[PDB]
Amino acid sequence: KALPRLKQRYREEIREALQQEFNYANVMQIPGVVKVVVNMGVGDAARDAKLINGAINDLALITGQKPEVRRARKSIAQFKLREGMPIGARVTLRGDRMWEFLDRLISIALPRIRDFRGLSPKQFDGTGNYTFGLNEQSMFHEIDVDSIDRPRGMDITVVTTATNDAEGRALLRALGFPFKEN
RNA sequence: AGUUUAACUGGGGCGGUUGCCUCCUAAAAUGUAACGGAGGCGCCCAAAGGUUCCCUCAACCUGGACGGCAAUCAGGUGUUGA
């Protein structure tokens, strides 16, 4: 007994508009976002093993779920990197929590970037999966932006059952990502 | 004063070596020598053992903030080259 904003919108308008654009036979062919992905590469694992915990805490406060700590399966010593050194955190988002996260991101933070002209239409890949990146976490009001001791940027990537970049960009437009309309 | 002070060895000496594991020589069973050719061991292990369950890598292509030939991520090819 509840509905998020973007999901109600998705089931109302966007499916209709893509149908009226691309004319699929079955509606099962309709594109739909599955999951959302978050990652943070600490990179100074061999110099600060504590920024890892810092990033864990930030993403906790940001996404409302305890992250995963991705280990280094290979040992490349030109970076000090050794088998099992924690280099980064990672979180998966699916469902109502995902739609809420996109609502927050599109409505609070991305309208808080400094001189946001536009996210490119060219972060796609093969079929329409949008892989962008943030330099700082100085933007989410979710975050306690008084306590941060360093910039700890991140990298986001958005995956969809779309089959090509045209359908991907069209769907993400209907959903309200500020592309550079070109 | 009584006695020891090695062997192999293309004579002896000098050098090197002596035991165990793996490969070729070794001649499609086994086995087979040379001071013939290449290596290694005289350990480690609250788990790197037992059991039940689950999953598949490396590599390449692309996207991608610092990040580059490569770091973590996502998406494909990938019968198996890790």
# chains A, B, ... in the order shown; residues from 1 in each chain; ligands from 1

call {"tool": "residues_around", "arguments": {"residues": "residue 12 of chain A", "least_positions_apart": "6", "cutoff": "12 Å", "atoms": "only C-alpha atoms (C1' of nucleotides)", "output": "VMD selection string"}}
result
chain A and resid 3 5 to 6 18 to 19 174 to 175

call {"tool": "residues_around", "arguments": {"residues": "residue 59 of chain B", "least_positions_apart": "4", "cutoff": "9 Å", "atoms": "only C-alpha atoms (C1' of nucleotides)", "output": "PyMOL selection string"}}
result
chain B and resi 78+81-82

call {"tool": "write_last_selection", "arguments": {"atoms": "N, CA and C atoms (P, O5', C5', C4', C3', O3' and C1' of nucleotides)", "output": "PDB file, in the first residue's frame"}}
result
ATOM      1  P     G B  78      30.176 -16.805 -26.430  1.00  0.00           P
ATOM      2  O5'   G B  78      31.552 -17.185 -25.727  1.00  0.00           O
ATOM      3  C5'   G B  78      32.753 -17.294 -26.478  1.00  0.00           C
ATOM      4  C4'   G B  78      33.971 -17.120 -25.611  1.00  0.00           C
ATOM      5  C3'   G B  78      34.216 -18.194 -24.575  1.00  0.00           C
ATOM      6  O3'   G B  78      34.826 -19.352 -25.118  1.00  0.00           O
ATOM      7  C1'   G B  78      34.450 -16.083 -23.570  1.00  0.00           C
ATOM      8  P     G B  81      42.862 -24.390 -20.085  1.00  0.00           P
ATOM      9  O5'   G B  81      43.630 -23.114 -20.635  1.00  0.00           O
ATOM     10  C5'   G B  81      44.866 -23.250 -21.308  1.00  0.00           C
ATOM     11  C4'   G B  81      45.328 -21.933 -21.872  1.00  0.00           C
ATOM     12  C3'   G B  81      45.325 -20.753 -20.908  1.00  0.00           C
ATOM     13  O3'   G B  81      46.549 -20.626 -20.201  1.00  0.00           O
ATOM     14  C1'   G B  81      44.248 -20.164 -22.957  1.00  0.00           C
ATOM     15  P     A B  82      46.720 -21.193 -18.707  1.00  0.00           P
ATOM     16  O5'   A B  82      45.992 -20.115 -17.796  1.00  0.00           O
ATOM     17  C5'   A B  82      46.530 -18.814 -17.631  1.00  0.00           C
ATOM     18  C4'   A B  82      45.794 -18.046 -16.562  1.00  0.00           C
ATOM     19  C3'   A B  82      46.119 -18.430 -15.129  1.00  0.00           C
ATOM     20  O3'   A B  82      47.262 -17.764 -14.631  1.00  0.00           O
ATOM     21  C1'   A B  82      43.779 -18.365 -15.415  1.00  0.00           C
TER      22        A B  82
END

call {"tool": "select_by_dssp", "arguments": {"residues": "segment 124-158 of chain A", "states": "strand (DSSP E)", "output": "VMD selection string"}}
result
chain A and resid 130 to 134 154 to 158

call {"tool": "write_last_selection", "arguments": {"atoms": "N, CA and C atoms", "output": "PDB file, in the first residue's frame"}}
result
ATOM      1  N   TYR A 130      24.234   3.739 -18.265  1.00  0.00           N
ATOM      2  CA  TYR A 130      24.784   5.080 -18.120  1.00  0.00           C
ATOM      3  C   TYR A 130      25.721   5.113 -16.928  1.00  0.00           C
ATOM      4  N   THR A 131      26.998   5.356 -17.183  1.00  0.00           N
ATOM      5  CA  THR A 131      28.069   5.102 -16.227  1.00  0.00           C
ATOM      6  C   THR A 131      28.797   6.417 -15.994  1.00  0.00           C
ATOM      7  N   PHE A 132      28.333   7.194 -15.019  1.00  0.00           N
ATOM      8  CA  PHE A 132      28.925   8.488 -14.710  1.00  0.00           C
ATOM      9  C   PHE A 132      29.617   8.443 -13.353  1.00  0.00           C
ATOM     10  N   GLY A 133      30.147   9.592 -12.944  1.00  0.00           N
ATOM     11  CA  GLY A 133      31.028   9.637 -11.799  1.00  0.00           C
ATOM     12  C   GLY A 133      31.077  10.962 -11.083  1.00  0.00           C
ATOM     13  N   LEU A 134      31.227  10.902  -9.763  1.00  0.00           N
ATOM     14  CA  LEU A 134      31.184  12.074  -8.906  1.00  0.00           C
ATOM     15  C   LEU A 134      32.526  12.241  -8.215  1.00  0.00           C
ATOM     16  N   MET A 154      33.039   8.960  -5.980  1.00  0.00           N
ATOM     17  CA  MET A 154      32.397   7.690  -6.259  1.00  0.00           C
ATOM     18  C   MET A 154      32.127   7.586  -7.748  1.00  0.00           C
ATOM     19  N   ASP A 155      31.542   6.456  -8.127  1.00  0.00           N
ATOM     20  CA  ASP A 155      31.227   6.164  -9.512  1.00  0.00           C
ATOM     21  C   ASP A 155      29.925   5.391  -9.542  1.00  0.00           C
ATOM     22  N   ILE A 156      28.974   5.906 -10.310  1.00  0.00           N
ATOM     23  CA  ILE A 156      27.632   5.368 -10.402  1.00  0.00           C
ATOM     24  C   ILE A 156      27.446   4.829 -11.804  1.00  0.00           C
ATOM     25  N   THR A 157      26.614   3.804 -11.916  1.00  0.00           N
ATOM     26  CA  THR A 157      26.299   3.246 -13.220  1.00  0.00           C
ATOM     27  C   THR A 157      24.926   2.608 -13.166  1.00  0.00           C
ATOM     28  N   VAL A 158      24.154   2.873 -14.203  1.00  0.00           N
ATOM     29  CA  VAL A 158      22.727   2.627 -14.239  1.00  0.00           C
ATOM     30  C   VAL A 158      22.452   1.690 -15.397  1.00  0.00           C
TER      31      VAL A 158
END

call {"tool": "residues_around", "arguments": {"residues": "residue 66 of chain A", "least_positions_apart": "6", "cutoff": "8 Å", "atoms": "only C-alpha atoms (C1' of nucleotides)", "output": "mmCIF file with N, CA, C and O atoms, in the first residue's frame"}}
result
data_model
loop_
_atom_site.group_PDB
_atom_site.id
_atom_site.type_symbol
_atom_site.label_atom_id
_atom_site.label_comp_id
_atom_site.auth_asym_id
_atom_site.auth_seq_id
_atom_site.Cartn_x
_atom_site.Cartn_y
_atom_site.Cartn_z
ATOM 1 N N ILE A 56 32.630 3.482 3.856
ATOM 2 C CA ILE A 56 31.536 2.620 4.285
ATOM 3 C C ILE A 56 30.496 3.428 5.040
ATOM 4 O O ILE A 56 29.292 3.318 4.781
ATOM 5 N N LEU A 59 28.558 5.857 2.580
ATOM 6 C CA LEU A 59 27.571 5.183 1.753
ATOM 7 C C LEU A 59 26.442 4.606 2.582
ATOM 8 O O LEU A 59 25.312 4.503 2.099
ATOM 9 N N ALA A 60 26.721 4.230 3.826
ATOM 10 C CA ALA A 60 25.656 3.827 4.729
ATOM 11 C C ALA A 60 24.657 4.955 4.899
ATOM 12 O O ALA A 60 23.463 4.802 4.620
ATOM 13 N N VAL A 91 27.796 -1.074 -3.632
ATOM 14 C CA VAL A 91 26.416 -1.258 -3.201
ATOM 15 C C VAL A 91 25.525 -1.461 -4.417
ATOM 16 O O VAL A 91 25.698 -0.813 -5.456
#

call {"tool": "interface_residues", "arguments": {"of": "chain A", "to": "chain B", "cutoff": "9 Å", "atoms": "only C-alpha atoms (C1' of nucleotides)", "output": "ChimeraX atom specification"}}
result
/A:37-43,70-72,76,79,81,86-90,122-127,129-136,153-159

call {"tool": "residues_around", "arguments": {"residues": "segment 23-26 of chain B", "least_positions_apart": "3", "cutoff": "10 Å", "atoms": "only C-alpha atoms (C1' of nucleotides)", "output": "PyMOL selection string"}}
result
chain B and resi 31-32+36-39

call {"tool": "write_last_selection", "arguments": {"atoms": "C-alpha atoms (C1' of nucleotides)", "output": "PDB file, in the first residue's frame"}}
result
ATOM      1  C1'   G B  31      62.138 -51.608 -16.505  1.00  0.00           C
ATOM      2  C1'   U B  32      66.845 -49.805 -18.336  1.00  0.00           C
ATOM      3  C1'   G B  36      73.885 -37.159 -20.558  1.00  0.00           C
ATOM      4  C1'   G B  37      70.277 -32.974 -20.601  1.00  0.00           C
ATOM      5  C1'   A B  38      66.505 -29.270 -17.312  1.00  0.00           C
ATOM      6  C1'   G B  39      64.563 -28.382 -12.212  1.00  0.00           C
TER       7        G B  39
END

call {"tool": "closest_residue", "arguments": {"among": "A:30, A:178, A:152, A:98", "to": "residue 53 of chain A", "atoms": "only C-alpha atoms"}}
result
A:152

call {"tool": "residues_around", "arguments": {"residues": "segment 101-105 of chain A", "least_positions_apart": "3", "cutoff": "10 Å", "atoms": "only C-alpha atoms (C1' of nucleotides)", "output": "short mmCIF file (atom, residue, chain, number, x, y, z; two decimals) with N, CA, C and O atoms, in the first residue's frame"}}
result
data_model
loop_
_atom_site.label_atom_id
_atom_site.label_comp_id
_atom_site.auth_asym_id
_atom_site.auth_seq_id
_atom_site.Cartn_x
_atom_site.Cartn_y
_atom_site.Cartn_z
N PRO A 4 6.29 4.80 -4.90
CA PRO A 4 7.22 5.91 -5.10
C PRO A 4 6.87 6.74 -6.33
O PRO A 4 6.17 6.30 -7.24
N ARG A 5 7.39 7.96 -6.32
CA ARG A 5 7.09 8.94 -7.35
C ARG A 5 7.49 8.44 -8.73
O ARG A 5 6.67 8.36 -9.64
N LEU A 6 8.77 8.10 -8.88
CA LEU A 6 9.28 7.75 -10.19
C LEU A 6 8.67 6.46 -10.69
O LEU A 6 8.49 6.29 -11.89
N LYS A 7 8.28 5.56 -9.79
CA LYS A 7 7.74 4.29 -10.22
C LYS A 7 6.29 4.42 -10.66
O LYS A 7 5.90 3.83 -11.68
N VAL A 36 20.54 -0.28 -9.68
CA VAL A 36 21.47 0.83 -9.65
C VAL A 36 22.67 0.38 -8.84
O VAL A 36 22.57 -0.41 -7.91
N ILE A 62 24.14 7.33 3.06
CA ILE A 62 23.63 7.81 1.78
C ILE A 62 22.56 6.90 1.21
O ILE A 62 21.55 7.36 0.67
N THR A 63 22.77 5.59 1.30
CA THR A 63 21.93 4.60 0.64
C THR A 63 21.09 3.78 1.60
O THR A 63 20.23 3.03 1.15
N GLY A 64 21.31 3.90 2.91
CA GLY A 64 20.56 3.09 3.82
C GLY A 64 20.81 1.61 3.70
O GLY A 64 19.93 0.82 4.03
N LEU A 93 21.37 -1.59 -5.59
CA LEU A 93 20.09 -1.01 -5.23
C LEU A 93 19.03 -1.51 -6.19
O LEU A 93 19.21 -1.45 -7.41
N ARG A 94 17.92 -1.98 -5.63
CA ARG A 94 16.89 -2.63 -6.41
C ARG A 94 15.54 -2.35 -5.77
O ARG A 94 15.39 -2.51 -4.56
N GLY A 95 14.58 -1.93 -6.58
CA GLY A 95 13.21 -1.77 -6.11
C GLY A 95 12.85 -0.37 -5.66
O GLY A 95 13.33 0.63 -6.20
N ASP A 96 11.97 -0.30 -4.67
CA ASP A 96 11.48 0.98 -4.20
C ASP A 96 12.62 1.83 -3.66
O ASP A 96 12.65 3.05 -3.86
N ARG A 97 13.56 1.20 -2.96
CA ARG A 97 14.74 1.91 -2.50
C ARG A 97 15.50 2.53 -3.66
O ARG A 97 15.97 3.66 -3.57
N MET A 98 15.58 1.81 -4.78
CA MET A 98 16.25 2.35 -5.96
C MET A 98 15.52 3.57 -6.49
O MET A 98 16.14 4.59 -6.81
N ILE A 108 17.75 16.62 -5.43
CA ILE A 108 18.44 17.28 -4.33
C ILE A 108 19.89 17.57 -4.69
O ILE A 108 20.37 18.70 -4.53
N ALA A 109 20.61 16.55 -5.15
CA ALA A 109 22.06 16.60 -5.27
C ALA A 109 22.52 17.10 -6.64
O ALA A 109 23.29 18.05 -6.74
N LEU A 110 22.07 16.45 -7.68
CA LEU A 110 22.40 16.84 -9.04
C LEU A 110 21.92 18.25 -9.36
O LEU A 110 22.49 18.90 -10.24
N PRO A 111 20.86 18.76 -8.70
CA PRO A 111 20.63 20.20 -8.73
C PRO A 111 21.46 20.97 -7.70
O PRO A 111 21.12 22.11 -7.36
N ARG A 112 22.53 20.36 -7.19
CA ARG A 112 23.45 21.00 -6.27
C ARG A 112 24.90 20.89 -6.74
O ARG A 112 25.81 21.32 -6.03
N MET A 139 27.68 16.87 -1.38
CA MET A 139 26.46 17.24 -2.07
C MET A 139 25.19 16.66 -1.46
O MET A 139 24.18 17.37 -1.39
N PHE A 140 25.20 15.41 -1.04
CA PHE A 140 24.02 14.81 -0.44
C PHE A 140 23.76 15.42 0.93
O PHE A 140 24.59 15.32 1.84
N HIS A 141 22.59 16.05 1.09
CA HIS A 141 22.16 16.49 2.41
C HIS A 141 21.98 15.31 3.35
O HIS A 141 21.95 15.49 4.57
N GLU A 142 21.79 14.12 2.79
CA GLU A 142 21.90 12.89 3.56
C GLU A 142 23.18 12.88 4.36
O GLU A 142 23.19 12.50 5.54
N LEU A 175 12.45 9.70 -17.82
CA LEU A 175 12.56 9.56 -16.38
C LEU A 175 13.20 10.78 -15.73
O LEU A 175 13.10 10.93 -14.51
N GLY A 176 13.86 11.63 -16.52
CA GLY A 176 14.26 12.95 -16.07
C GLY A 176 15.72 13.11 -15.69
O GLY A 176 16.05 13.94 -14.85
N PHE A 177 16.60 12.32 -16.29
CA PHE A 177 18.03 12.62 -16.20
C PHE A 177 18.37 13.86 -17.01
O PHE A 177 18.06 13.91 -18.21
#

call {"tool": "residues_around", "arguments": {"residues": "residue 138 of chain A", "least_positions_apart": "3", "cutoff": "8 Å", "atoms": "only C-alpha atoms (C1' of nucleotides)", "output": "short mmCIF file (atom, residue, chain, number, x, y, z; two decimals) with N, CA and C atoms, in the first residue's frame"}}
result
data_model
loop_
_atom_site.label_atom_id
_atom_site.label_comp_id
_atom_site.auth_asym_id
_atom_site.auth_seq_id
_atom_site.Cartn_x
_atom_site.Cartn_y
_atom_site.Cartn_z
N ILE A 143 24.28 13.31 3.74
CA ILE A 143 25.57 13.27 4.41
C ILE A 143 25.64 14.37 5.45
N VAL A 145 27.78 16.90 6.25
CA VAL A 145 28.83 17.49 5.42
C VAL A 145 29.74 18.38 6.27
N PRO A 151 37.98 14.45 0.51
CA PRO A 151 37.09 14.03 -0.58
C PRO A 151 37.20 12.53 -0.80
#
